[PDB]
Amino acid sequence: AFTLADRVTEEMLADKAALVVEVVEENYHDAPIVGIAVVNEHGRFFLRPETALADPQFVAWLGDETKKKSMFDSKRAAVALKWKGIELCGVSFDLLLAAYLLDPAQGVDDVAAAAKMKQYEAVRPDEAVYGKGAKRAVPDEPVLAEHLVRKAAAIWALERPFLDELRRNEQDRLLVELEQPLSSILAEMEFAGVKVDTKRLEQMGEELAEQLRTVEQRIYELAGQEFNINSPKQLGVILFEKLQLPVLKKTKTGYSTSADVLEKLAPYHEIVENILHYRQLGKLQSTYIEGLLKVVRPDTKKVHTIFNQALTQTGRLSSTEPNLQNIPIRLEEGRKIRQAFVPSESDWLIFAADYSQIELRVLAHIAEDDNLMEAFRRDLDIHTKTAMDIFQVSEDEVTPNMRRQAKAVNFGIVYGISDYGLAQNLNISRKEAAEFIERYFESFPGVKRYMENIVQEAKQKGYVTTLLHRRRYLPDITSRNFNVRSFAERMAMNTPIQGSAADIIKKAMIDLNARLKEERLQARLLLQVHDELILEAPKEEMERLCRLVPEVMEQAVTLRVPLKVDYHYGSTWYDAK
């Protein structure tokens, strides 16, 4: 029983309400709002969008911070309303973020999955209403209106039990002071978008398509035959059958053609180096040139990513359409793709600030390892210092290969450390990789104590927590399968580190957003990628940002070691180095 309203009435504008602003298109940027539902003390309402959104009283209510709304995934609605020039304020409860904080492993992606966490099943999953894939379609108004009102009624009913459990978990402030404020900041970042120099991308695409046409022909000559180089199946026939190259590794369904395997194969035939060259070129051309060009809005030449705030098990943000968190940086030929990301206005510049080794600094603090804390208090090169201890040599005796192996141990130490992964990344034996680990724990006994203690805490409590009380349940920590249990143990060690770094970055974003407004700067956040914050700002604001941004980031939280921030700026994302 609900009201299919033809007009906005005063009772729909109570100062507390569950609100549903339904955007069915997966990418909500400039997307239709197919319907609105309001549940409050006075009843349940369905409002047609081309009525409420043209009603001054409803729009005023949407934008009044004092009128509190409970929603699911408020950022989706916030952004769709931004594209209509409408401001959404007063969202005091986001059931999506609440369910994500209560248990990220649930993969709660719609109201029904979250309600099922609390034995509430009077709401259908979105996929049952809209179908999936080709069959996906908005249903007739009666069916649509019933779904939206059931979702709003579930949100209405679910706020208290979710807030109660968040409070029992000591996560009430995590939701209200971190994730929900961050949702608004992310909505502004997505809406602003990042300007793309498409002519430069097009220029790069033409060039890659040229080098590809060359390497391709060369491969057809070394193979004495034509074939689809991009088919791992076909390529395996040319390599491990026609050319008789050794089979060093075998995927689950045949021969592996990983760059890992091919590297070891290069000595046997000149084709291998070209196939490797062809694959990097092909990866750039198809994923980063053509892929980026597909998602650039032709009206504004901006990409408007979507930050997924309730996806990872660590609390890190994820990004889609495009995923800007893997634009090439390692290789120079692929690093130049960042030259296409420019300021959205003339005489503006890109400013980029990144935490320096925040994960290892977080580890130092959490493990209270004297050796690790002292290394950062002296602002040492951590990889070089790690090599000095592991190999018991002075700084002058550290060779480039020793530092490379110390760096791999550090990369592993923060991601669990397994032996097979270290041995794999270092192309060494497990016993040798095991020897590296034990030398490391000899040098960093507090890290070893932390790794043992956090595993035991994961087993006793059933979860691990981050600095700001994000938790991750680890049910497989007791499993009797060595592999399933090993992964759970490594997530026990890694999650407090990665998740705490994620907490710090999110808090810095909130602190930076407040400071920029305090200082009345025009600078604005565009992207959070990994441990970096990217802003654009007028060139006249660069000197102030050079002091402001690192200070806010370095003060986001107080650890037992300093937080270091490297920052650069330039006319492009590339040049902000």
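Heads up: residue numbers just count along the shown sequence, starting at 1.
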Worksheet item: Which is higher in the entry, the mean Cα B factor of 51-59 or that of 512-520?
Response: 51-59
Fill in: Of 72-80 and 425-433, the stretch whose C-alpha atoms average the higher B-factor in the entry
425-433
Worksheet item: In this PDB entry, which of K448, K264, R403, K506 has the top CA B-factor?
Response: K264
Fill in: Selection by C-alpha B-factor (highest) of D370, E190, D419, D381
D419
Item to complete: Consider only the C-alpha atoms of the modelled residues in this chain, order them by B-factor as the entry records it, and name the third containing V149: lowest, middle or highest.
Response: lowest
Item to complete: Report the third (lowest, middle or highest) to which the CA temperature factor of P104 belongs, ranking only the modelled residues of the same chain.
Response: middle
Discussion item. Quick check on the deposited entry: does the C-alpha B-factor of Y355 sit in the lowest, middle or highest third of its chain?
Written reply: lowest
Worksheet item: C-alpha B factor of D110, ranked within the chain: lowest, middle or highest third?
Response: lowest
Response to the item:
Of the three thirds of Cα B-factor ranks in this chain, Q498 occupies the lowest
